[PDB]
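To start, the structure under review is shown below, and the notes come after it.
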Amino acid sequence: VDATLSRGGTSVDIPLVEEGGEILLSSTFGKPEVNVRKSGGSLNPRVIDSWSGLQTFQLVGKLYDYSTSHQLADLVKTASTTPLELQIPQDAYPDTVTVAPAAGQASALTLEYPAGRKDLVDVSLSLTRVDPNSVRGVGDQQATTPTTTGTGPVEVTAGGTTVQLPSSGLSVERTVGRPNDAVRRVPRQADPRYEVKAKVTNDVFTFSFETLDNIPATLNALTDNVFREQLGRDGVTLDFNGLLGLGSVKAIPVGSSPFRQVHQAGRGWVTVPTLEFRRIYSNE
Amino acid sequence: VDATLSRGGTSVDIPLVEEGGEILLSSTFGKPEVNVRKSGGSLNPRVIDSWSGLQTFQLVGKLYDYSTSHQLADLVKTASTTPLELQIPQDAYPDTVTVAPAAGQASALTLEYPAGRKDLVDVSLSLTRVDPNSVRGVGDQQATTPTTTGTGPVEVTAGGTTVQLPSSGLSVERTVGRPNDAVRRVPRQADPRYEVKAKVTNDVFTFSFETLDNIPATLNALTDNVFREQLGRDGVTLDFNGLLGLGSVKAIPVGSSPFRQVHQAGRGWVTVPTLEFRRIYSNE
Amino acid sequence: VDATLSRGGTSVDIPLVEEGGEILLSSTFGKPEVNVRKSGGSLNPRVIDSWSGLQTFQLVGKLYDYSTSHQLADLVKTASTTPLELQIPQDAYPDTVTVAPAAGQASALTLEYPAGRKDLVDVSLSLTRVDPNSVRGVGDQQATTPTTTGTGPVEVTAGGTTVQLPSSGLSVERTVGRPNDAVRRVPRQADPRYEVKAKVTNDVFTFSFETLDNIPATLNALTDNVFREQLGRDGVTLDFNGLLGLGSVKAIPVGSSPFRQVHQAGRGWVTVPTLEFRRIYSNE
Amino acid sequence: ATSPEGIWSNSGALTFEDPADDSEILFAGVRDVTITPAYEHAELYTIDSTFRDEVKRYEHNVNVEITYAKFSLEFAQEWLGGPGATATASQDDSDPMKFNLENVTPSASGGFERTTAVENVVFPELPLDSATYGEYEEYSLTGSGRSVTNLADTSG
Amino acid sequence: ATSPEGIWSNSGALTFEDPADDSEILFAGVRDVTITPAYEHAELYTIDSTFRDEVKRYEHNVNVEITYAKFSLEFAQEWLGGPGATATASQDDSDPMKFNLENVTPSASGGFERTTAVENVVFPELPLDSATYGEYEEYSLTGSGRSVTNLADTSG
Amino acid sequence: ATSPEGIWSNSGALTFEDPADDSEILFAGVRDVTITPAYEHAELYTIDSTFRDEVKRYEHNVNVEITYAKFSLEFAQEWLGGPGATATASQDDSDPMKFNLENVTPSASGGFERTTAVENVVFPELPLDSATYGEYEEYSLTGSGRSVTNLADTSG
Amino acid sequence: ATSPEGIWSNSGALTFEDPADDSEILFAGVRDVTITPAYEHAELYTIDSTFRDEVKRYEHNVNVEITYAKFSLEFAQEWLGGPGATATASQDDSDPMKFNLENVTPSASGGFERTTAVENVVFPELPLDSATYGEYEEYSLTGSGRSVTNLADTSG
Amino acid sequence: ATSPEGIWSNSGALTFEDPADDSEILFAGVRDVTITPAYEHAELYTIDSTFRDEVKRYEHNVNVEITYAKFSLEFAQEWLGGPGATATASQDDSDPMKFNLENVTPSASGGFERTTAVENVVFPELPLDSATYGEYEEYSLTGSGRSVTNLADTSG
Amino acid sequence: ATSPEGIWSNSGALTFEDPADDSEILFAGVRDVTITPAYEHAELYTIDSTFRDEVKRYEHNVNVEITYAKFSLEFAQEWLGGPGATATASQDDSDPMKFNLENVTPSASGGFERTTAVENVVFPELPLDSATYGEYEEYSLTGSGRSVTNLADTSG
């Protein structure tokens with residue numbers, strides 16, 4: 001039922017289970033690093049093979065508790081010289097393989113908390129295979145996800161002002177990645193070398209929700225403080241207030257269009273299709 | 001019913017009205033200009049906020065007369081340092097906001113004349129918010145859309161030769177924009193500075209129709225005189241002859257594949273999925 | 001029924017025939033070579049027209065025998081100073097026109113052998129129009145598609161090890177093109193100049209299939225010897241074993257992700273959404 | 001409050017009015033009459049419950065459908081002609097004939113006289129001829145009003 | 001105005017005419033006759049109101065469907081041949097046979113004579129043989145006219 | 001435990017209550033009642049098997065549908081007015097009237113009194129008029145409650 | 001022109017022919033027979049009018065469907081064998097058996113003899129067995145012909 | 001092997017068990033009962049044949065559907081309460097109640113006693129009240145079991 | 001050739017065989033039996049013409065559906081077990097039980113003995129229990145065979 005992923009002594013078991021006939025594991029192969037004779041002088045190209053290819057595993061699953069999901073996110077995002085180790089339960093793959101969060105990806109892990117679906121977190125993972133001895137790194141830095149019991153409304157807090165995110169239709173998509181690590185081709189061996197870089201990680205929260213009452217007051221209090229003033233070196237504090245067992249975290253909007261208000265024909269209230277935040281420094 | 005968009009004394013009122021549950025107004029916000037750190041031995045990035053962000057209004061509506069649509073196209077396309085003023089009736093937005101046609105967009109306004117829908121023009125608008133005092137630029141140039149009563153067939157007319165576009169299935173999408181204006185970040189209040197540039201505007205007509213008779217003669221008379229031969233510094237006269245109340249205009253095809261002829265299984269006639277022209281200089 | 005494509009005396013007649021209301025012949029025109037103004041304190045741009053336009057024909061059809069398909073692929077891929085000549089039956093086009101495999105496309109011809117069809121190959125073609133006298137070239141190089149009678153299983157073979165591709169669900173998509181030929185604008189003719197380059201062609205085989213028994217052994221024997229091993233200056237011998245009347249050919253995986261193994265909810269077997277190879281040199 | 005009571009369909013009194021005048025358009029001979037105000041419902045859920053959090057009404061309409069057996073030239077020529085106009089052929093214009101509508105019914109034991117009224121009903125399609133062998137012509141209208149203007153006991 | 005009145009299906013007279021000449025095309029023995037002018041309606045809703053704001057007609061046609069039990073050689077041969085020409089076999093050309101249609105009925109108590117007329121009716125499919133064991137061949141047409149050209153009382 | 005037993009529809013008593021006050025809303029003349037709690041089920045399969053591995057509930061609701069033949073002014077005027085207010089005309093606001101519902105049914109041989117209660121039932125559409133020739137007006141409601149608040153034997 | 005007339009289904013005379021020979025394939029015992037030439041209609045509207053501008057025919061076919069109660073080994077072995085060939089099992093090839101078809105019906109009062117003929121009818125599916133308890137096997141075929149080769153009075 | 005034989009529905013003996021205990025949940029008074037193990041079928045073709053090359057089973061389930069007329073409080077309170085727990089109201093959790101199931105049916109002539117058994121049946125929805133005027137409440141359950149645990153002759 | 005002739009359903013004799021051995025699988029008491037060899041047809045049209053130009057078969061299958069009223073333990077246990085093995089519970093493996101099928105019928109007046117045979121028939125779903133109040137259990141199979149292996153007259 002479960003694949004096993006581990007990072008030193010700490011280990012997580014992930015159920016590869018889905019509705020209907022969906023894709024659950026995809027193993028992708030390629031040779032980006034074969035060299036092609038672009039001129040040739042003849043119809044069909046001569047070629048040469050010289051370097052480590054690319055194997056990538058995409059895993060899809062569902063998790064039955066939030067704590068296992070947070071521990072996986074912390075395990076994924078952590079910088080450590082110790083290799084990330086995977087076990088696949090299907091006999092076409094060997095009982096152990098060494099991997100890294102996918103080479104260039106901003107979203108090596110996705111955790112989804114859709115509307116309804118209590119004690120279901122939908123999960124997508126992307127992992128690149130690496131040679132077992134070819135993992136290297138600049139020290140160790142353990143990722144943390146704060147936790148608390150409060151079970152209150154989520155509060156976007158900025159400049160000492162607060163807006164509660166209305167629970168109505170509220171859905172969370174969180175994405176995690178290590179896009180600043182370096183994966184490098186090695187000559188005459190199958191799998192690449194991997195460098196655990198002393199560089200910034202990715203940890204983005206996306207909300208979708210609908211604001212049902214106090215609408216002008218809600219939308220202006222949110223948008224002025226988050227999108228029409230300077231935050232300085234500070235950011236928004238996104239108080240998850242113990243929803244999903246998550247604690248308070250500091251964050252800021254990133255990208256061209258992180259937030260949308262939508263007003264629709266025949267609707268007496270406002271849709272919020274996105275409110276996106278990237279997590280920031282709070283680690284002094 | 002209507003939002004009001006105006007410049008100087010001249011004003012247009014636009015119905016925010018649509019079929020079913022479609023989007024009518026969307027306010028998008030973002031901070032492209034936060035200087036997120038890419039580097040350093042810490043998991044989460046340090047950040048600094050220092051600049052005017054981005055607010056954008058997307059508006060959708062239906063206009064019930066052609067003259068109001070033509071006047072909107074002219075008021076949009078016109079170069080003037082006179083700030084473009086938007087009034088939104090919905091309480092989540094303040095009673096007046098200063099705007100510009102969307103910062104880099106080729107299609108800040110779309111007007112559509114679909115088959116069947118007499119006295120319905122579909123309208124889509126995109127407007128970047130700008131600081132009220134921070135509108136700047138060079139000269140004033142009132143745009144003109146020519147008009148006439150003739151109510152005749154549209155006549156693509158070049159090298160002293162004319163082809164009537166067959167009315168059968170004939171549908172128009174016209175787009176307008178100011179992609180050569182400059183919107184720029186300022187280390188100031190949250191809304192950017194805007195420069196009304198003495199530079200070329202965008203104004204494009206897309207047709208689609210099906211040619212039902214004299215098909216070979218029609219398609220050759222269109223293709224040879226417009227797509228094979230050289231037009232010089234002249235262009236095609238696209239004589240609307242009073243259709244939609246539009247007068248004669250001069251134009252040319254631009255870019256990759258602006259005209260398509262389509263021959264189909266089991267059909268004894270030719271579809272034109274698009275025929276496209278950009279309006280040109282005729283303003284001496 | 002058929003349009004005729006020919007080079008020298010050698011000729012192929014292609015049934016422009018399809019199910020439903022599908023596109024069979026699309027002819028598209030563009031003037032990318034108008035030198036449109038980006039500048040000037042006037043609303044509408046000045047233009048100059050100074051060069052050969054673009055005309056491109058897209059043809060769709062079905063072929064009733066494999067030999068005619070192979071002969072088309074060979075006649076397409078072949079380098080010759082001899083212009084490629086198209087005869088179009090529909091009266092809207094003149095009785096003959098000169099062409100080249102589409103200038104910007106890697107897949108000027110697609111041949112498809114979907115599961116469950118026999119004496120029925122899907123075809124798509126793309127052909128840039130060229131001036132009849134403006135065809136030029138270096139030598140002649142005849143393409144050959146090998147042939148055999150064997151009617152056995154397809155055998156991906158490397159390092160003296162072979163894997164039979166399971167016939168179950170097996171579907172082939174082959175693409176052919178001349179992406180290294182140079183097409184160039186001419187200043188006083190309607191249609192461009194075409195240079196038949198003595199440079200490498202594109203010829204790619206794509207498979208999809210489902211592996212139904214000996215699955216772990218099959219997938220390891222395929223992955224190790226093709227995607228982990230190094231093939232040197234050699235490649236996979238893709239022995240078509242007389243299926244479709246195709247003979248053996250030498251090839252290698254090209255691009256970032258040529259091969260995928262897919263494991264699914266509720267399925268006790270593995271899908272191959274793609275396995276892909278580019279044909280290599282075997283012409284010594 | 002007034003006790004609930006049965007209503008007998010043949011006690012009905014449907015009428016159509018031109019909403020520009022508030023004057024009657026001659027119509028009669030109904031056999032079925034349905035009036036149904038309806039709002040689209042959005043049902044909404046949170047990230048940590050199986051239960052519905054909230055529910056909201058959006059697009060509102062009054063579904064009106066009527067089956068009737070006496071043909072009216074006036075009603076049909078109003079539908080053809082569009083707002084404020086009578087016509088004897090299809091008109092090439094985008095304004096449909098809006099009608100105001102009222103129905104009045106004593107309850108079966110006279111406990112109340114329920115009046116229902118609806119503004120700006122429009123019908124997408126008008127059956128001009130609905131002929132079947134060995135039957136009187138029976139005409140089906142389906143349409144959508146903007147809102148219910150009244151719903152009350154009008155008994156004295 | 002004129003009172004609404006019943007209409008009896010068997011009282012009707014239906015005719016087809018050639019739109020080139022207004023000459024009659026021989027057709028008879030109908031059992032059902034439906035004529036329904038229709039428009040697609042757009043119901044436009046505002047930014048904040050749950051109510052509709054405006055409604056617009058946007059694509060007109062007249063749905064005509066007829067069931068009939070006497071075959072006509074002429075009607076079928078005209079439908080094969082297309083406009084202005086009559087044929088005994090399928091034609092490989094794109095023009096459908098346009099028909100003009102008129103249907104006339106005295107009302108059930110003689111109050112009026114409703115005449116309905118429709119221009120350029122066309123039929124995608126024509127049944128030639130419609131045989132069922134122990135029954136007369138009963139033929140169903142479904143088609144679309146461009147507009148209603150007349151709807152009036154043709155009584156004196 | 002208590003033996004399963006037959007239930008006779010005509011023995012039931014249905015009531016609607018205002019969830020603000022627990023005051024009764026006058027409603028009567030029921031014919032049919034369906035009360036059906038439901039959840040969407042996610043039915044989850046592994047890679048390694050053709051069999052199911054796990055199954056999970058998610059979006060819960062209670063489908064309530066009722067057919068009844070005595071009109072109530074109060075029920076309709078509360079549905080128009082929305083929560084905590086009563087109205088004679090359509091209201092341009094987003095809150096639907098939430099009703100609490102209870103149905104009480106003695107079992108056929110007196111073994112138990114099955115009481116079912118449902119919170120926050122809402123109806124997208126309210127039939128105001130449902131008139132058919134030669135029949136009493138019969139009204140059908142389709143709606144959804146948030147949860148089942150009670151299911152118990154209320155006998156002594 | 002010839003007067004329209006009723007046609008009686010049991011006067012029919014369906015036959016199938018191999019179009020390579022113009023020779024009969026033994027087939028009999030029909031109970032329903034439908035022949036319907038059809039074309040897809042494109043109905044096209046302008047930029048500036050609610051009315052239809054033009055209408056065009058595309059993708060011609062003849063829908064043929066037949067229900068019959070006497071089994072034929074010859075017809076079935078022709079369909080299995082495909083063009084010009086007889087087979088006693090499924091053949092692994094892409095050519096369907098094409099049949100020519102003719103039906104001749106005298107009109108009910110002998111006013112004409114309506115001959116319909118159709119070229120290259122093909123049937124996607126052939127019911128070999130159609131057993132039902134206490135009934136004779138009744139077989140339904142649906143198929144498509146290319147065109148109507150003949151539609152005329154063949155009386156003398 | 002044992003000869004095939006008719007089975008008479010009224011000979012049946014359905015029971016439900018809590019799969020934590022293998023203890024009976026009180027249920028009775030069925031009318032119709034369907035049990036159907038099923039697998040999704042992939043039918044796979046190949047590049048140079050019209051015939052099917054291979055066929056494979058994927059997603060397995062057992063469709064169970066039951067129509068019954070004696071209400072059970074215990075069965076409903078188990079469905080509400082979920083695994084291992086009884087509840088008198090909707091519970092806010094994602095675990096559905098899983099039932100084990102068995103049915104025992106002697107053949108019509110006593111040739112065998114067919115026993116069918118099914119594991120972990122779940123029902124998406126559960127009718128509590130199913131009132132229809134002048135009828136006993138009849139309850140329909142549709143659900144999915146994981147696998148058939150037993151299908152054998154259990155006669156001695 | 002041989003004349004078409006009627007066939008009487010009740011004269012038939014259906015049999016199932018194991019394709020590994022050609023040994024019989026005990027099966028009886030059929031009521032309805034449909035066997036329909038089928039293909040998809042692509043109808044290919046050229047440019048310029050409205051007519052079809054070619055038509056081609058692809059993805060052949062033989063639709064088999066059977067209704068029967070005597071349960072067989074053997075047939076069900078073979079369907080559970082898959083090819084070459086027999087089982088009393090669901091099997092977690094991807095191979096469906098392939099059956100060979102043959103059906104034999106004298107024609108109604110003794111003209112011929114139509115034998116139909118089909119290879120590798122498989123059924124996605126097998127009804128085990130099909131209980132209906134006051135009726136015998138009646139079981140419906142739906143499935144697909146690879147090809148028709150025989151269609152011939154087996155009379156002398």
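So you can find residues: chains in the structure tokens are A, B, ... in the order shown, residues in each start at 1, and ligands are numbered from 1 in order.
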
**OP:** At a cut-off of 10 Å, list the chain E residues touching chain F, using only C-alpha atoms, as number ranges by chain.
**Re:** E: 48-51

Tell me, as a tab-separated table (two decimals) with N, CA and C atoms, in the first residue's frame, which residues lie within 7 Å of segment 232-240 of chain C, counting only C-alpha atoms; anything in the same chain fewer than 3 positions away does not count.
```
chain	number	residue	atom	x	y	z
A	47	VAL	N	25.42	10.20	-33.57
A	47	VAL	CA	25.22	10.58	-32.17
A	47	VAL	C	26.32	10.01	-31.27
A	48	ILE	N	26.48	10.58	-30.06
A	48	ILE	CA	27.38	10.05	-29.03
A	48	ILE	C	26.71	10.12	-27.65
A	49	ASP	N	26.86	9.06	-26.85
A	49	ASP	CA	26.36	8.97	-25.48
A	49	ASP	C	27.53	9.00	-24.47
C	154	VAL	N	7.92	-6.44	-32.30
C	154	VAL	CA	8.91	-5.36	-32.33
C	154	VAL	C	9.95	-5.58	-31.23
C	155	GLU	N	11.25	-5.51	-31.58
C	155	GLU	CA	12.33	-5.90	-30.68
C	155	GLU	C	13.35	-4.77	-30.48
C	156	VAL	N	13.10	-3.93	-29.46
C	156	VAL	CA	14.08	-2.97	-28.94
C	156	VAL	C	15.31	-3.74	-28.45
C	157	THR	N	16.46	-3.51	-29.10
C	157	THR	CA	17.64	-4.36	-28.93
C	157	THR	C	18.91	-3.50	-28.76
C	158	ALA	N	19.67	-3.73	-27.68
C	158	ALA	CA	20.87	-2.98	-27.34
C	158	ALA	C	21.81	-3.82	-26.46
C	243	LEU	N	6.38	-5.95	-39.15
C	243	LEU	CA	5.14	-5.21	-38.88
C	243	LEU	C	5.06	-3.98	-39.78
C	246	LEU	N	7.66	-2.74	-42.34
C	246	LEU	CA	8.90	-2.06	-41.94
C	246	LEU	C	10.01	-3.07	-41.58
C	247	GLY	N	11.23	-2.78	-42.04
C	247	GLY	CA	12.44	-3.48	-41.64
C	247	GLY	C	13.11	-2.88	-40.41
C	248	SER	N	14.22	-3.50	-39.98
C	248	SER	CA	15.00	-3.04	-38.84
C	248	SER	C	15.64	-1.66	-39.11
C	249	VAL	N	15.76	-0.84	-38.05
C	249	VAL	CA	16.28	0.53	-38.07
C	249	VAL	C	17.06	0.80	-36.77
C	250	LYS	N	18.08	1.68	-36.81
C	250	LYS	CA	18.85	2.05	-35.61
C	250	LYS	C	18.46	3.44	-35.11
C	251	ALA	N	18.28	3.59	-33.79
C	251	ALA	CA	17.64	4.76	-33.20
C	251	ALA	C	18.09	5.00	-31.74
C	252	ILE	N	17.78	6.19	-31.17
C	252	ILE	CA	18.13	6.54	-29.79
C	252	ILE	C	17.06	7.46	-29.19
```

**OP:** Compile the contact shell of residue 192 of chain C as a PyMOL selection string: residues with an atom at most 6 Å away, counting only C-alpha atoms, same-chain residues fewer than 3 positions apart removed.
**Re:** chain C and resi 52+130-131+184-186

**OP:** Could you please tell me, as a PyMOL selection string, which residues of chain B have an atom within 12 Å of chain E when using only C-alpha atoms?
**Re:** chain B and resi 1-3+14-26+59-64+88-92+113-122+212-213+266-270

Counting only C-alpha atoms, chain A residues within 9 Å of chain B, as a PDB file with C-alpha atoms, in the first residue's frame:
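Dumped to iface.pdb:
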```
ATOM      1  CA  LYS A  77      12.343  20.984   2.560  1.00  0.00           C
ATOM      2  CA  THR A  78      15.242  20.279   5.009  1.00  0.00           C
ATOM      3  CA  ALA A  79      18.842  20.799   3.825  1.00  0.00           C
ATOM      4  CA  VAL A 138      26.806  22.729   2.733  1.00  0.00           C
ATOM      5  CA  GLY A 139      25.958  21.773   6.352  1.00  0.00           C
ATOM      6  CA  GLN A 141      19.435  22.971   8.234  1.00  0.00           C
ATOM      7  CA  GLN A 142      16.224  21.362   9.587  1.00  0.00           C
ATOM      8  CA  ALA A 143      12.982  22.852   8.187  1.00  0.00           C
ATOM      9  CA  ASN A 180      17.992  26.314  -5.768  1.00  0.00           C
ATOM     10  CA  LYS A 197      22.991  24.265  -1.716  1.00  0.00           C
ATOM     11  CA  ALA A 198      23.136  26.952   0.995  1.00  0.00           C
ATOM     12  CA  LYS A 199      20.251  28.707  -0.813  1.00  0.00           C
ATOM     13  CA  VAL A 200      16.627  29.741  -0.207  1.00  0.00           C
ATOM     14  CA  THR A 201      13.787  27.142  -0.412  1.00  0.00           C
ATOM     15  CA  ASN A 202      10.197  27.424  -1.730  1.00  0.00           C
ATOM     16  CA  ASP A 203       7.109  27.236   0.555  1.00  0.00           C
ATOM     17  CA  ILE A 215     -17.660  42.560   2.148  1.00  0.00           C
ATOM     18  CA  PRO A 216     -16.378  46.154   1.475  1.00  0.00           C
ATOM     19  CA  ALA A 217     -14.792  46.311   4.956  1.00  0.00           C
ATOM     20  CA  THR A 218     -13.194  42.838   4.521  1.00  0.00           C
ATOM     21  CA  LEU A 219     -11.842  43.395   0.998  1.00  0.00           C
ATOM     22  CA  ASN A 220     -10.383  46.868   1.622  1.00  0.00           C
ATOM     23  CA  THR A 223      -6.089  44.673   0.015  1.00  0.00           C
ATOM     24  CA  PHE A 227      -1.240  45.101  -1.632  1.00  0.00           C
ATOM     25  CA  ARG A 228      -1.345  48.969  -1.303  1.00  0.00           C
ATOM     26  CA  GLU A 229       1.268  49.756   1.367  1.00  0.00           C
ATOM     27  CA  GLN A 230       5.002  48.945   1.882  1.00  0.00           C
ATOM     28  CA  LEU A 231       5.631  46.131   4.436  1.00  0.00           C
ATOM     29  CA  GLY A 232       9.383  47.030   4.796  1.00  0.00           C
ATOM     30  CA  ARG A 233      11.650  44.077   5.814  1.00  0.00           C
ATOM     31  CA  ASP A 234       8.581  42.683   7.654  1.00  0.00           C
ATOM     32  CA  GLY A 235       5.752  40.756   5.991  1.00  0.00           C
ATOM     33  CA  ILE A 252       4.449  37.900   1.588  1.00  0.00           C
ATOM     34  CA  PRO A 253       2.753  37.930  -1.905  1.00  0.00           C
ATOM     35  CA  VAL A 254       5.126  36.930  -4.757  1.00  0.00           C
ATOM     36  CA  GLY A 255       4.537  36.781  -8.538  1.00  0.00           C
ATOM     37  CA  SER A 256       2.659  39.184 -10.849  1.00  0.00           C
ATOM     38  CA  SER A 257      -0.954  38.456  -9.731  1.00  0.00           C
ATOM     39  CA  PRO A 258      -1.056  36.558  -6.326  1.00  0.00           C
ATOM     40  CA  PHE A 259      -4.511  37.858  -5.366  1.00  0.00           C
ATOM     41  CA  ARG A 260      -7.844  38.152  -7.203  1.00  0.00           C
ATOM     42  CA  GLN A 261     -11.260  39.512  -6.340  1.00  0.00           C
ATOM     43  CA  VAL A 262     -14.054  38.271  -8.598  1.00  0.00           C
ATOM     44  CA  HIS A 263     -17.515  39.808  -8.886  1.00  0.00           C
ATOM     45  CA  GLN A 264     -20.028  37.711 -10.858  1.00  0.00           C
ATOM     46  CA  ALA A 265     -23.357  38.231 -12.644  1.00  0.00           C
ATOM     47  CA  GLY A 266     -26.319  37.667 -10.282  1.00  0.00           C
ATOM     48  CA  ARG A 267     -24.131  37.122  -7.154  1.00  0.00           C
ATOM     49  CA  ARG A 279       6.696  32.174   3.311  1.00  0.00           C
ATOM     50  CA  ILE A 280       9.596  34.389   4.513  1.00  0.00           C
ATOM     51  CA  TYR A 281      12.340  34.777   7.143  1.00  0.00           C
ATOM     52  CA  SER A 282      11.269  34.473  10.808  1.00  0.00           C
ATOM     53  CA  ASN A 283      14.250  32.345  11.903  1.00  0.00           C
TER      54      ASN A 283
END
```

Original post:
Which of chain D counts as strand (DSSP E or B) under DSSP, as a PyMOL selection string please?
Top reply: chain D and resi 5-6+8+15-18+23-25+30-45+52-68+70-71+99-106+113-122+125+129-132+136+139-145+147-153

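Here atom CA of residue 67 of chain A stands at a distance of 12.5 Å from atom CA of residue 13 of chain A.
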
**OP:** Please provide the set of residues having any atom within 10 Å of residue 110 of chain I, restricted to only C-alpha atoms, with same-chain residues fewer than 3 positions apart removed, written as number ranges by chain.
**Re:** I: 5-7, 105-107, 113, 155

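Put simply, atom CA of residue 109 of chain I is 16.4 Å away from atom CA of residue 134 of chain G.
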
Subject >> 6 Å contact set for segment 77-79 of chain I, only C-alpha atoms, chain neighbours under 3 positions out, as a ChimeraX atom specification >> reply: /I:74,82,86-88,97

Deliver the residues from the most recent selection as a file, using C-alpha atoms, as a PDB file, in the first residue's frame.
```
ATOM      1  CA  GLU I  74     -19.855 -23.816 -11.907  1.00  0.00           C
ATOM      2  CA  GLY I  82     -10.281 -16.722 -14.177  1.00  0.00           C
ATOM      3  CA  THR I  86     -12.073 -22.276 -10.335  1.00  0.00           C
ATOM      4  CA  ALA I  87     -12.701 -20.294  -7.112  1.00  0.00           C
ATOM      5  CA  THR I  88     -15.195 -19.508  -4.298  1.00  0.00           C
ATOM      6  CA  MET I  97     -12.453 -15.922 -17.509  1.00  0.00           C
TER       7      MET I  97
END
```

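Separating atom CA of residue 273 of chain B from atom CA of residue 244 of chain B is a distance of 21.0 Å.
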
Subject >> Polymer residues at most 10 Å from residue 75 of chain G, only C-alpha atoms, same-chain spacing of 6 or more positions, as a count of residues only >> reply: 12
